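Heads up, the thing below is written out as C-alpha cells.
6 protein chains.
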Amino acid sequence: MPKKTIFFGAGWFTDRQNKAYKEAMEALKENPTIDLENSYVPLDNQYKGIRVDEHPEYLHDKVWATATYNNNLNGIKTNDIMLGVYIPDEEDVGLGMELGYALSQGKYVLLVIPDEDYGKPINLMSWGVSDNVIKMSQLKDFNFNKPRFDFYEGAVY
Amino acid sequence: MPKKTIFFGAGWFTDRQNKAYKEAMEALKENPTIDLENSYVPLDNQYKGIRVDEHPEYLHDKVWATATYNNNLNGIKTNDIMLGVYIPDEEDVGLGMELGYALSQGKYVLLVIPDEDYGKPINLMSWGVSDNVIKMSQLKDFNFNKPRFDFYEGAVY
Amino acid sequence: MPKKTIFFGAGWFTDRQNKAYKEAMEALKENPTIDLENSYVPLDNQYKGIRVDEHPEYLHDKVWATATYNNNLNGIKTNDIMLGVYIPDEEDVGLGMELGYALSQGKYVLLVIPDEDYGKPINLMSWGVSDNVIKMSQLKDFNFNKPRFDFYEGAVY
Amino acid sequence: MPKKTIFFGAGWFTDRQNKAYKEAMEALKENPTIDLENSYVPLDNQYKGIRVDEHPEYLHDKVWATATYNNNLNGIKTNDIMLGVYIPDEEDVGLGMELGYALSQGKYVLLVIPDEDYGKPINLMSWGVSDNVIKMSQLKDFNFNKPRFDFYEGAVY
Amino acid sequence: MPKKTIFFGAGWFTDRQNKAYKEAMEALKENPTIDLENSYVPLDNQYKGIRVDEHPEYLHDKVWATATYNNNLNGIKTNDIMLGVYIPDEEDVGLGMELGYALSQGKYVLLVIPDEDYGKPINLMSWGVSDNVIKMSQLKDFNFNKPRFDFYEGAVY
Amino acid sequence: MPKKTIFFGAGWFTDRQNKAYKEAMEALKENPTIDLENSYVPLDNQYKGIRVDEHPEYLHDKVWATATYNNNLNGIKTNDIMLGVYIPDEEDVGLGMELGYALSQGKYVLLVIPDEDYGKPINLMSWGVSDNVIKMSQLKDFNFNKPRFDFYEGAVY
Ligand SMILES: Nc1ccn([C@@H]2O[C@H](CO)[C@@H](O)[C@H]2O)c(=O)n1
Ligand SMILES: Nc1ccn([C@@H]2O[C@H](CO)[C@@H](O)[C@H]2O)c(=O)n1
Ligand SMILES: Nc1ccn([C@@H]2O[C@H](CO)[C@@H](O)[C@H]2O)c(=O)n1
Ligand SMILES: Nc1ccn([C@@H]2O[C@H](CO)[C@@H](O)[C@H]2O)c(=O)n1
Ligand SMILES: Nc1ccn([C@@H]2O[C@H](CO)[C@@H](O)[C@H]2O)c(=O)n1
Ligand SMILES: Nc1ccn([C@@H]2O[C@H](CO)[C@@H](O)[C@H]2O)c(=O)n1
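Chains as they are written, first to last, in the authors' numbering: chain B, 1 to 157; chain A, 1 to 157; chain A', 1 to 157; chain B', 1 to 157; chain A'', 1 to 157; chain B'', 1 to 157. A prime marks a further copy of an entry chain.
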C-alpha cells in the first residue's frame, strides 16, 4: 500500500472547528493510504516552541509571523495532498488562502465537511479551487492514491 | 501618466463589506494611476449577468458556478494588480482564495481596510500573502506604478 | 485607447490553415485594441530567418530547433494575449502545446474559428484550456481590454 | 524498487492509435519502475460511468465536459510522470495541450513513438516540450526513477 | 511609443560591478523604449532606506532581510523585463537567484555585459536562463517592445 | 522509513568546494531518509559521456550546453528536495539560478554550509530563497520527511 502525506488545513477557534478537527484527525488515523506521521499539522509545529496561546505578545512580532507563515506554505508545498476541514457556517480566510496556494503548487485539493453540514452553501471560490468535496464519514476510506475530480453536491453562494 | 488595471476583490455579504466596497470603488474612480473602466469587477461579471442571491434557482447550477469561477480567475490573471477590500472582523474565504491565486499569477497584492478598522489583527495567511496593506483613505492617492512591499502596521491572529 | 499585444498561434500546414491565417491577420490589422506591430508572429521569428520547409537541411538541426522553440515560448510569455487560429477538422498539436504553455503563463487564451466551421466539435482539452472562442468575423471588433470567459457555442469530441 | 505513477496520454480514435495504445500499456505492465495500478488512464476514468461512445448527447453537456477536462488535468498533476503515446502521422491537439500542462506542473514529459515510426518528423513544439523521446520497444525497460533529458533522433517540422 | 519597465539586476560589491552598474543606468536613461522612472532599482528599495554596508547593525536583522528580500521579488514580478548587469569574472549569486525567479514569473531575461568582457565564458545556468545577452553599448538602443531569444556569442564554463 | 531524492547542487572548482562536496556526499550516504541512488548528481550525469575536462571544445557547442542545462533543470524538477552546498566566501551564480528554479518548482530548498564557515555572511537572496540553512555536521541526521522552515543564524549582506 503506497501512502501519501497531507497538509492538515483546519481552524481551531470555535467548537464546530474543534469537533471537525478531532473527527478528521481520527479518520486520517484509520486511512491506510495516509502517512499521518510525516504529514504537516500546523498545531504541532509552533515555531521555536513558543505557544501564542500562552504568549500573545508574539502576535506583533514580525519574525514569528514570517516564520509561521512560511512554515505553513512549506508544509503545503512539501506534502502530497491539501486537506481542508471546511465548516460552511464558519468559513476561514486563512484556509482560503492556503487552498489557492495549494492549487498553484499542483496539489490535489480535498475539502471535508461534517456530515451534519454537507449540502450547506459554500463560497463559489471554495467550490472552484476544490478538486473534490466529501463528507467527514468518507474520509477514513478515501483512496488518496487514486484522487479524482468531482463536484460538491450542495449549494454555492 | 501610466495607468494600471485591478481586480476588485471584495465581499458583498454584510453591511460593513458593502460600505467598504462602495468607498473603495469611489477611491479608485479618483486615483489617476488606475484605469477603472478596463478593470474587473466581479459583481458585473457574474455568468449570464445573474446574481445567485437575486435568482436562487442558480444555487445548484454547476454551469453558472463553473463560468463565474472561471471568469474571476480570468479577471485576476489579465489585470495588473490584485485588490482586496478587507474587513478584519468579517474576513472572506473567497477573497482569501483569490489572494492565493493572485500570488500564483505574480500580481501585486494590496489589501485595503476601512480607517475605523485599520490596525486591528488580521489572519496570519492574509498578512503573509499581502505585499502591502493600507487604510481606505489612502486608496485614492496610492501610486500603483511604483508598488512596494511593506508590513501591516497591525497584529495577526 | 489602450492596446494589447498577441502571440499569433496558427498552423500553416494546410490550405484551410493558411486561409484562416491570412483572414485572422487582416482582422488584427483592423482591431483598434491590438498593437500588431509589437505582436509576435512565429513565421517571422524562425531562427536565422529560415523556414524548415524552404530549407530542409534544417530538419535535423538541433540548434535551429532549440532557438525557434525558445523564441516561441518567449513570444507567448512577453505578449498580453494568446490567440489560437483553430481549424476543428485540422487541429494542430503545436498550437495545442502553446495553449497549455499560455495557460501556465497566466494569459487569456482566445480561439478563433472560421465562420464556415464555427459551431463544429473541437477537442475537449482545447475547449477547456480556452477562456473563450469566437468566429473569424468577430476578431476585428473584439475588445481585448475587457477579455472575459465564455463557453464555446459548440460541441466537444 | 521505488515505483512512479504516470498519466497515460494517448488517443484511441484510429487503428494506429489503438495499436500503439495496446503496446505502450503492455510495456508499462512489464516495467518494474511503474505503478500502473495507481496511474491515471483516461479511458478507465469516464465521469459518472457515462460512456460517450454509447451516449453522444453528453458531448454538448457543459458539466460532463468540465468534469472530464478537470479529471484529465487532475490525473496529470497528481501523478509523477507524463507519458505521451505519439503518432507522427496522426498528431493530437489534445495530447499537445496536456504536454504543455504537464510541463507547467513540473513533470517529466516522455514521448513514446512506435518503432516503425521513430525518426519521422514531429512538430517543433512537441520536440521542445518533451524532456525525452523514445521508441516503443524501450518503454518496458525505461528507468523512471532516473529520468534524463535527451533529444529525439529524428526530424522536426 | 510604448515603454516597458525593468528590474535593475546588478551587484554593487566590486569596482567592476559598480562601473557596469553606472554605465547600464546611463544607457537605460537614453533608451526610448524604457520607462526608468517606474522601474525598480534594488539599491533605492532597501528596507527603511538603509544599506547594510552603511549600517552593519542590520547584518543580522531578520525583519530588514525579510522586507528587502520580499521587495526585490515584488520588483521583479511587477515589472516587464528582467535585466542582469553581468560580470563574467565576478558573477553574483544574488543576481543568479533573481534570474531563476524572473524565469518563474514569465519575464524576458536580458543579460548585459561590459564591452571589454563581452564574449568571455559565463556560467552554464546563466547562459540557459537568459533569453538573450548583449554588450553594454547596445543597451541604450535595444528594442524592449520586440524582445527576442538569442544565444550568447560566447562560451560557457 | 520513507526516503526522498535530492538534486545535489554544488560546485567542484575550488579546494573548498571539493572538500564540502565530499563531506556533503558522505553525510547523505549516512542519512536514512535519503535515496542517494535515485538522486541527481550533476557530475555523474555528463551528457553523452563527453567529459568537458578532457574535451573543452564542447564549451562552445550549443547542443552540449542546451542538453547539460536541461539535464540540470530536469534533475531539480524530478527530485523531491533541492540541496545547495554553499560556501559563503565562494558563492556561485549557477547554484543561485538553481535555487530560484527549485523555488519555482515547489521544492524544499536546503542550504548546507561547512561548520567552519557557518555564521559568515551570505547574499540576501540566498538567505531568502532558502527554506532552511544548516551546518554540514547536521546533514547526516536531517529528517527529510519532516522538512521545516527556519532562518540562518548568521549574517546577510
Ligand atoms: N496563528 C495562525 C493563524 C492561521 N494559521 C493557518 O491558517 C489556517 C487557519 O486560518 C490554518 O490551516 C493554519 O495553517 C496558523 O497556522 N496560525
Ligand atoms: N457569487 C460570488 C461569490 C464570490 N465571488 C468572488 O469571490 C469574492 C467574494 O467571496 C469576490 O472577491 C469575487 O471575486 C464572486 O465573484 N461571485
Ligand atoms: N516550424 C514551426 C512549427 C511550429 N511553430 C509554432 O507552433 C505552431 C504551429 O504548429 C505555431 O503556433 C508556432 O508558434 C513554429 O513556430 N515553427
Ligand atoms: N473525449 C475526450 C477527448 C480527449 N481526452 C483527452 O485528450 C487526449 C486526446 O485528445 C487524451 O490523452 C485524453 O486524456 C479525453 O479524455 N476525452
Ligand atoms: N543587500 C542586498 C543584496 C542583494 N540584493 C539583490 O540581489 C542582487 C545583488 O546580489 C541585486 O540584483 C539586488 O536585487 C539587494 O537588493 N540587496
Ligand atoms: N559546466 C557546468 C556548470 C555548471 N553546472 C551546474 O551549475 C552549478 C554550479 O555552477 C552546479 O550545481 C551544476 O548543476 C553544470 O552542471 N555544469
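No residue lacks a Cβ here, since even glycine has one placed at the ideal position from N, Cα and C.
- Using a CB distance cut-off of 8 Å, residue 108(B') counts as an interface residue toward chain B''.
- CA-CA distance, residue 87(A') to residue 109(A'), rounds to 16 Å.
- Of the heavy atoms belonging to ligand 5, none sits nearer than 7 Å to the Cβ of residue 86(B'').
- About 5 Å separates the CB atoms of residue 32(B') and residue 1(B'); that is less than 8 Å, so the two are in contact.
- Of all residues in the region 42–63 of chain A', those with a C-beta nearer than 9 Å to a C-beta of chain B'' are 62 and 63, reading in chain order.
- Looking only at 56(A''), 78(A''), 54(A'') and 65(A''), the smallest Cα-Cα distance to residue 38(A'') is reached by 78(A'').
- Interface residue (Cβ-Cβ distance to chain B'' less than 8 Å): residue 115(B') is not classified as such.
- With a cutoff of 7 Å, residue 129(B'') does not count as near ligand 5, since its C-beta is closer than that to no heavy atom of the ligand.
- The bridge partners DSSP lists for residue 84(A) are 9(A) and 111(A).
- At a threshold of 7 Å, residue 98(B') counts as near ligand 4, since its beta carbon sits closer than that to one of the ligand's heavy atoms.
- Chain order gives the chain B' residues near residue 65(A') as 124, 127, 128 and 156, where near means a beta carbon separation below 8 Å.
- Distances between the C-beta of residue 125(A) and the heavy atoms of ligand 1 include at least one below 7 Å.
- Counting only residues of its own chain and dropping the five nearest sequence neighbours on each side, residue 111(A'') has a CB closer than 6 Å to the CB of 84, 86, 130 and 133.
- The Cβ atoms of residue 40(A') and residue 50(A') lie no closer than 8 Å to each other.
- In terms of beta-carbon proximity, residue 7(B') stays away from the interface with chain B'', with every pair separated by 8 Å or more.
- In chain order, 152 and 156 place their CB closer than 7 Å to the CB of residue 127(B), counting only its own chain and leaving out the 5 sequence neighbours on each side.
- Within chain A'', the residues 67 have their CB atoms less than 7 Å from the CB of residue 151(A), given in chain order.
- 8 Å or more divides the Cβ of residue 42(A') from the Cβ of residue 96(A').
- Contact between the region 3–16 of chain B' and the region 133–147 of chain A' is absent: fewer than three C-beta pairs spanning the two stretches fall below 8 Å.
- Taking the beta carbon of residue 82(A'') as reference, no residue of chain B'' falls within 7 Å; the closest one sits roughly 11 Å away.
- The nearest non-hydrogen atom of ligand 2 is less than 7 Å from the C-beta of residue 68(A).
- Per DSSP, the beta-bridge partners of residue 132(A) are 110(A).
- Residues of the same chain with a CB within less than 6 Å of the CB of residue 46(B'), apart from the 5 flanking positions on each side, do not exist.
- Comparing C-alpha distances from residue 140(B) to each of 23(B), 62(B), 15(B) and 14(B) shows the shortest one belongs to 23(B).
- Per DSSP, residue 101(A'') is one residue of the alpha helix (DSSP H) stretching across 93–104.
- Chain B places no beta carbon closer than 8 Å to that of residue 15(A), leaving this residue out of the contacts.
- Just measuring C-alpha positions, the residue of 25(A'), 34(A'), 19(A') and 73(A') sitting nearest residue 146(A') is 34(A').
- According to the DSSP assignment, residue 69(B') belongs to the alpha helix (DSSP H) that extends over 62–77.
- Measuring C-alpha to C-alpha distances from residue 68(A'') to each of 115(A''), 144(A'') and 44(A'') identifies 44(A'') as the nearest.
- Nearest C-alpha to residue 3(A') among 154(A'), 142(A') and 106(A'): 142(A').
- Its Cα nearest to that of residue 154(A''), the residue 61(B'') stands out among 16(B''), 5(B''), 61(B'') and 27(B'').
- Around residue 36(B'), the same chain offers 28 and 29 as residues with beta carbons nearer than 7 Å, after the five sequence neighbours per side are excluded.
- Taking a Cβ-Cβ cut-off of 7 Å, the neighbours of residue 78(B') in chain B comprise 108 and 147, given in sequence order.
- Residue 10(B') has its CB no nearer than 7 Å to any heavy atom of ligand 6.
- With a cutoff of 8 Å on beta-carbon distance, residue 125(B'') and residue 94(A'') are scored as near each other.
- When Cβ-Cβ separations below 8 Å define contact, residue 38(A') makes contact with chain A''.
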